[PDB]
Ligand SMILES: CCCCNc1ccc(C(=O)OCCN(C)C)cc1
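One chain comes next, on its own, written out as structure tokens in the form deposited without the ligand.
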């Protein structure tokens, strides 16, 4: 069992725009292990829709190349929980954000979180934000992460982080 506590009172409209994947953590090493790993994904943009769904623009390394993926995340009765069907995942969970600097979120397959859970620390600007990383560490304290990666500004500004 992995238990998640998402942000109460998330206004999805105020997350719109460019983000950078500053850090990642996964329950299973193999999810992130290599450059090719199935959940090694780099957020470019969050685009909320008026009716409160969420488009996720990400980059992923598959066919020798650093390729674009669009994920449609459909809203649920919980503003911080969205339904997806991509990367073999079916849930997006928004743990926390201050809207103007950082956003923490997880994807998982609800059918098996321990082989599935991947969480990221996003920032709006391509700079290491030590506040953001500490919030990510605290949000991860009660999650059973087995791989954790943090990127430097050089890796931030890059195609699939170099």
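Positions refer to the first chain, counted from 1. Throughout, rigid core stands for the largest set of C-alpha atoms superposing within 1.5 Å between the two forms. Shifts are known only where both forms have a C-alpha.
Quick note: we don't show the form deposited with the ligand bound, though the next part is all about it.
Remark: residue 76 does not count among the residues lining the ligand in the bound PDB entry, judged by a heavy atom distance of 4.5 Å or less. Scanning 28-43 for heavy atoms within 4.5 Å of the ligand in the bound PDB entry gives 38, 39, 41, 43 in sequence order. Annotation: Cα of residue 80 displaced by less than 2 Å between this form and the one not shown, core superposition.
Every Cα shifting by 2 Å or more, across three or more consecutive residues, marks a moved region; comparing between this form and the one not shown on the rigid core, these regions are 1-4, 85-89.
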